[PDB]
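# Structural overview for review
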Amino acid sequence: XXXXXXXXXXXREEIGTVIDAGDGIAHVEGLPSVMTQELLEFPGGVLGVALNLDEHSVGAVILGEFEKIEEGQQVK
Amino acid sequence: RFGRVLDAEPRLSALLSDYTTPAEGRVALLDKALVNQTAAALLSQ
Amino acid sequence: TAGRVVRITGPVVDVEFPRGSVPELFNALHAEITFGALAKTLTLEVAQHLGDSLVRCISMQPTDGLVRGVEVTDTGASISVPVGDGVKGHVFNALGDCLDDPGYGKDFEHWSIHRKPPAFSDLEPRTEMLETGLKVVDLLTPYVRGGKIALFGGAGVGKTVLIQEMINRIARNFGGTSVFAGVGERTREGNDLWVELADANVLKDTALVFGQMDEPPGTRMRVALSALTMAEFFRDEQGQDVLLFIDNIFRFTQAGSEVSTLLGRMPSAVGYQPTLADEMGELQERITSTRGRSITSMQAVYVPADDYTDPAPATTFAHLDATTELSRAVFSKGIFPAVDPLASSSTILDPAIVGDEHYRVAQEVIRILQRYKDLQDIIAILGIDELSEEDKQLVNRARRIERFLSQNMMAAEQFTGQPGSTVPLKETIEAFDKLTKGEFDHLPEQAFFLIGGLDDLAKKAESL
Amino acid sequence: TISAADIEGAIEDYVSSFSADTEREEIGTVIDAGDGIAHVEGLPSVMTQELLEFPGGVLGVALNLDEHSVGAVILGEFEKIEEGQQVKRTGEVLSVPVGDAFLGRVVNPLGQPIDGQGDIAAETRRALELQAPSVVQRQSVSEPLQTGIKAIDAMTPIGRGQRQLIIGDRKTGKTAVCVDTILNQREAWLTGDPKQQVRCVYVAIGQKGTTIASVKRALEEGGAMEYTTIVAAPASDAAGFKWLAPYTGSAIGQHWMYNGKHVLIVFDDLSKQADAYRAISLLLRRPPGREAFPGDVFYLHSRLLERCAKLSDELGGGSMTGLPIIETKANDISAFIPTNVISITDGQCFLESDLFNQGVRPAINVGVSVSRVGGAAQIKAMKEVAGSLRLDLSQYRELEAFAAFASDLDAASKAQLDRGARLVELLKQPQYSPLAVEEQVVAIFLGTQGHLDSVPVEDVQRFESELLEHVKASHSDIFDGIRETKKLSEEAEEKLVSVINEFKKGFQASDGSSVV
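Residues numbered from 1 in each chain as written, not as in the entry; some residues may be left out. Chains lettered and ligands numbered in written order. Part of a larger assembly, values for the part shown. Heavy atoms only, no water. Residues with missing side-chain atoms left out of burial classes, pairs and counts.

### Brief notes about the overall build of chain A
Note the threshold: Each helix corresponds to a stretch of at least 4 residues labelled H or I by DSSP, and each strand to a stretch of at least 2 residues labelled E; elements are numbered beginning at the N terminus. When we talk radius of gyration, it's over C-alpha atoms, and the globule rule is simply 2.2 Å times the number of residues to the 0.38.
What chain A contains, in helices and strands, is one helix and seven strands. Mapped in sequence order, the helices and strands of chain A form the string α-β-β-β-β-β-β-β. Taking 11 Å as the expected radius of gyration for a compact globule of 76 residues, we find that chain A reaches 16 Å, considerably beyond that expectation. For chain A, the C-alpha atoms occupy an extent of roughly 55 × 20 × 20 Å along the three principal directions.

### Focus on the overall build of chain B
When you go through chain B residue by residue, the secondary structure sums to four helices and zero strands. Principal-axis analysis of the C-alpha atoms gives chain B an extent of 30 × 20 × 15 Å.

### Things to note about helix 12 (residues 425–436) of chain C
Side chains of residues three or four places apart in an α-helix project in the same direction, reflecting 3.6 residues per turn. The following threshold applies: One fewer than the residue count of a helix, multiplied by 1.5 Å, yields its expected span.
Over its 12 residues, helix 12 of chain C extends 17 Å from the first C-alpha to the last, a length consistent with the 16 Å expected when each residue adds 1.5 Å. Two residues or fewer past helix 12 of chain C, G438 of chain C is found with a positive phi of approximately 80°.

### Focus on the arrangement of the chains
The line we're drawing: Whether two residues are in contact is decided by their heavy atoms, any of which lying within 4.5 Å being enough.
Counting contacts across all two pairs of chains found in contact, the highest total belongs to chains A and C. Chain D makes no contact with chain A, the minimum C-alpha separation between the two being 19 Å. One thing to see here is that chain B and chain D don't touch, and their nearest C-alpha atoms sit 14 Å from each other.

### Examining the interface of chain C and chain D
Operational definition: Just so you know the grouping, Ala, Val, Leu, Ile, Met, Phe, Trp, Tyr, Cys and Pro go in nonpolar, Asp, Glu, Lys and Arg go in charged, and all remaining residues, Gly too, go in polar. Paired strands are those between which DSSP finds at least two bridges.
Chain C puts 10 residues into the contact, and the matching count from chain D is nine residues. Looking at the side of chain C that touches chain D, the elements that each hand over two or more residues are strand 4 (40–51) and helix 6 (276–284) of chain C. By residue number, the principal contributor to the side of chain C that touches chain D is helix 6 of chain C, which donates four residues. For the side of chain C that touches chain D, the per-class residue count stands at four nonpolar, four polar and two charged. As judged from the two bridges shared by strand 4 of chain C and strand 1 (residues 27–34) of chain D, these two strands associate in the antiparallel manner. In the sheet register, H49 of chain C faces strand 1 of chain D, and the bridge partner there is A33 of chain D.

### Overview of the interface of chain C and chain A
On the chain A side, the residues contacting the eight residues of chain C number eight residues. Classifying every residue of the side of chain C that touches chain A by side-chain character gives four nonpolar, one polar and three charged. Note: strand 5 (residues 52–53) of chain A against strand 1 (residues 3–9) of chain C, two bridges, orientation antiparallel. Opposite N52 of chain A, over in strand 1 of chain C, you have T9 of chain C as the bridge partner.

### What about the pairing of strand 18 (residues 322–325) of chain C?
All names here are of chain C. Here strand 12 (residues 148–152) pairs with strand 18 via four bridges, running parallel. Looking at strand 18, one finds that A150 is bridged to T323. In terms of strand pairing, strand 18 meets strand 19 (residues 345–346) through two bridges, oriented antiparallel. Pairing of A322 across the sheet is with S346, part of strand 19.

### Details of the sheet that holds strand 10 (residues 199–205) of chain D
Residue and element names in this part refer to chain D. On the basis of which strands lie adjacent, the open sheet formed by five strands has the order 8-11-10-12-13 and parallel pairing. Pairing within the sheet leaves two strands with one partner each, and these edge strands are strand 8 (106–107) and strand 13 (319–324). The pairing of strand 8 with strand 11 (residues 228–233) spans two bridges and is parallel. Paired with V106 across the two strands is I230, which belongs to strand 11.

### Notes on the pairing of strand 10 of chain D
Residues and elements named next belong to chain D. Definition in use: The definition of a right-handed crossover adopted here requires that, viewed with the strands pointing away, the path from the first strand over the helix to the second runs clockwise.
Where strand 10 lies against strand 12 (residues 262–268), six bridges are found, and the strand directions are parallel. Its bridge partner being in strand 12, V201 is matched across the sheet by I265. Inspection of the sheet shows strand 10 paired to strand 11 by six bridges, in the parallel sense. Note on strand 11: the bridge partner recorded for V201 is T229. Taken together, strand 10, helix 5 (residues 209–221) and strand 11 form a β-α-β motif whose crossover is right-handed.

### With respect to unusual backbone geometry
Put simply, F336 of chain C and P337 of chain C share a cis peptide bond, and its omega is 15°. Assignment of secondary structure puts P337 of chain C in the loop between helix 8 (328–331) and strand 19. With a phi angle near 55°, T22 of chain D is a residue other than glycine that sits in the positive phi range. Here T22 of chain D lies in the loop between helix 1 (4–17) and strand 1. Residue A292 of chain D is not a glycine yet carries a positive backbone phi of 60°. Mapped onto the elements of the fold, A292 of chain D is located in the loop between helix 7 (270–283) and helix 8 (297–305).

Honestly, it's all geometry; don't read function into it.
This is the structure:
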């Protein structure tokens, strides 16, 4: 009983940050609720596809304007 | 005794696995759920 | 007790469970996809245990729209498929869900698709010939009861007609039923088959299982085992003979190689899965006869690049006992069922297993057809008038033997309205023994087409 | 009849013999499992290649012992394994039970019965990885292993302690030849002397269950199941069983061999063991060498076949003879596994499929088969009568290839061509028909001494079969003289020629003609 009550007592949209980028791929951390193949939009108006979902970070392939991606950019 | 409680409560033990979560809110939950004072201090350490 | 989805990579999904509740491998798990355009219930099969209570899975459906940290509910059993008489005349996916009428068959008994082959003590200690009642099959390439038969051919070579034929033969002569396993079949060809078997009105006795090409390689691999689990029930519990079509067993091998690569296992010779011969053996050994009942199999088998050394066909041709090849050069003569008498082969065709007279007559008919096949070039280039008399008397018999392999098969009854014949073996081995000796050479070629049995030849000769 | 006393006495023996040692032991836990391999944590005391056991009644081999965990390969139904299962030590290095109680039984590679006939009354246990007898312990192969195939016993004799490779294509009679060889021993087994009393092991790797059952039946019907044991690893079981099946077969054999019995081993077929080891290695993520095989497949097949030898009299005069079968992908005898095994064994009997379909059966390729032991194991009668035949047949084959389009030729070529055609017709025989050596010598005498030179090619097989039954009904002193002295003396040879002439003077030819 007491454990269930403690758990229930212990229990705005999310923005991820780019932790890695190279050769047309970026890895985005965070985004707990992203779905496989959701469109991600990066701050330079470039888009990514969120094609891989690791334990820590999303692997997102980038459509087109890859040069405009830097570590620490906000991903909506 | 705490080990007995954590092993008998698999959902609480899993929710206690907090290294990827914010440890401060995890410790606050564990102190509010969890006596010998020094034992509970080691547990919070 | 429920698990969480922790990692997703293409069709592969990892799930984490509470410490004490990790599912046994090959269990089916269910997961939800909630996005409006792609709403699904997603079935996962457990492949490996990665430690830390993580379970490696492969998805039976596309993983698009899946979100991290959704709940996963274990079913606590393997993938299970419905079994019973009410399976006949319906179409199922690999997962046992019906395509002809959704939600049908939920109330049936369900069996685990992953089950062991027969015990050693239960196998039949000798091969028995299957008297299928088709002249060409029985004489030149006898089928083995509970054996596996390779089939070769394509469109415009009667292949679907031969399937309808064999289904009718098993239903009428042996009181059995058929199962058809569309292992990676074209959805267009699956609908053409479904409509063809419905129009022939044979579908009432056939269970169809399709693993369509549209779905990920986990399903194109498990479909063959699903169909085989329906057939195993009909053999063991109903006590019927069963005929299991597989089309096409190469795609079972390929699907297995692709799953193995998604699981990151290191690939072997020319890139197949490293388990190949056991992956296949755990299917092919399970097709057999026991306790006087039998699962016969016909298997269409593609060969990559036409070389019978590639591990896919080299593995497959270790298991199978007979080989029927259909030829467009025979079909274009009007010879139905267009089984090529020289390119087809069988391994039961030995004087120890069939009577010495059967073996002799089969060797004589092969010799005569081989001679005619060697003369056909001279005939086409120079004309019959360039031949001697001794060989032209051989060709006069070879033309008639080639025609007399044709039969009014039961599949044609839809069109011709005349019934199909079923010649006894002891009739056909007399008829070809007489025909090779030339006793019927005074009859015209039209008297032998589509004829059936020897008494029918006597009727048609007096009609003409 | 049956009695209640035996059943009650067996239960009372189990009950009275029941005790528990209460022994202290390390229990480990499975931390990873997949695809027929598992990793175990704990087990501080486990030996390398200790046989483990798992809760499902499943065994495993501890191959790799890391700082934190033990990589165990799973033998049998790895489906029953899951993470967090406890594992315990059997306390034994990888071993099989062994003894005379295996004669007439079918067992899986672990030495568990698979026939359902009953438990195995094992004498002791033997470790699989005991080294082969060293260069000082062996003796020269000097003793005939009669196969009862004319083609083999004439040109490629098999001696006790030889390894003879039965390399061939798919569906050419390789299994038929080995079953014929196992059947032929029954005429010896009915004698009591261990010196003649050869006993046999057949190990099936990756065969169809129907093919194993068919062999079990053919050996029962011949009476060979008095002295044959079958290790069965059929194509349906896990890769670990297909990998062990040759080793356990040799281990069952070696226990008899070192006692001074004579043993025969048939490996059917050793390519499917190589493929199983390729599976187990690539699942371990070891890198592949040539043809995707791991670097050590040579150390698989040599470690196996080197167990087969003849021992020196100082170690007891026992011996083990190996017939490994290999399957060849479209007759490319230069493939990796073919050449590896050809480099180990003391010779090969290549079976060519292009001949088998013409009805030359057994389809022995006389031009490529050899015996590198040679005539040292062949009885002096057979050695004298047949020892020319091999080269005469090879030069007949090249002559036939030349003359196939020669419009006319010299008389010496034509006479040689007709002799060679009659000798090829002489060497074939039907399935399950083992001929005793005392008859094989006479069948080959007919050929080599030209007594067939009257006979048309279509008559020859009939003629030879009939004449052997003639000399079996009357004039048996030919076969008694040959067998009791192992040499064809002149005073018998004249009686033979006299029976030959007396038969030719009464021979109706199959064409309706007659000859002398």
